[PDB]
């Protein structure tokens, strides 16, 4: 409910998006890691919470919205009411982060996950204080529209291991990938 955890899958060229969809064919095994990491709270009785941009929200297949068993917040400067299925709408990341720390949500919310928007990731990574980057390195180039911000290695430590994260190279449909975790304290 206070460290911010970004989670992203990125191609070798830092691509995250193409024509409102993913640059690569569906990687169902990588999506399982995304689901497990974002959904698993550390506390029974609390849910994790996901914050996303409006484009990312409408890019999720409808049959999969809201991201089930997570509290879903959508950021939009133009919507007046939350999208159908979304739990909260906020007009800024700052509004979202203030909401999450309200006492009425304390009993309710465990981990906070930033799940995209390029500009949502950008803003999250501008924040002072405790950040983690859960980065899936897709070890291939793909034609891309939208990109992940540079990861400053002076600022983010690459953790040698992280609980519940396997470090071996994975592969699906001939596409190799691996899970990394970065951390910026303070």
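Numbering follows the first chain given and starts at 1.
Query raised in the report: Got a sec? Mean C-alpha B-factor, which is higher, 174-182 or 13-21?
Result: The entry gives the higher C-alpha B-factor average to 13-21.
Query raised in the report: Can you tell me which stretch has the higher mean Cα B-factor, 127-135 or 66-74?
Result: Of 127-135 and 66-74, the stretch with the higher C-alpha B-factor average is 127-135.
Query - Out of 153, 27, 37, 49, highest CA B-factor residue - result: The record points to 153.
Query raised in the report: Lowest, middle or highest third: where is residue 87 by C-alpha B factor in its chain?
Result: Lowest third of the chain for residue 87's C-alpha B-factor.
Query raised in the report: For residue 94, does the deposited CA B-factor place it in the lowest, middle or highest third of the chain?
Result: Answer is middle: the recorded C-alpha B-factor places it there.
Query raised in the report: Going by what the PDB entry lists, where does residue 158 fall on CA B-factor within its chain: lowest, middle or highest third?
Result: Residue 158: CA B-factor falls in the middle third of its chain.
Report task. Pull the Cα B-factor of residue 148 out of the PDB entry and bin it into the chain's lowest, middle or highest third. Result -> For residue 148, the deposited C-alpha B-factor lands in the highest third.
Query raised in the report: By its CA B factor, does residue 142 count among the lowest, middle or highest third of the modelled residues in the chain?
Result: Answer is highest: the recorded C-alpha B-factor places it there.
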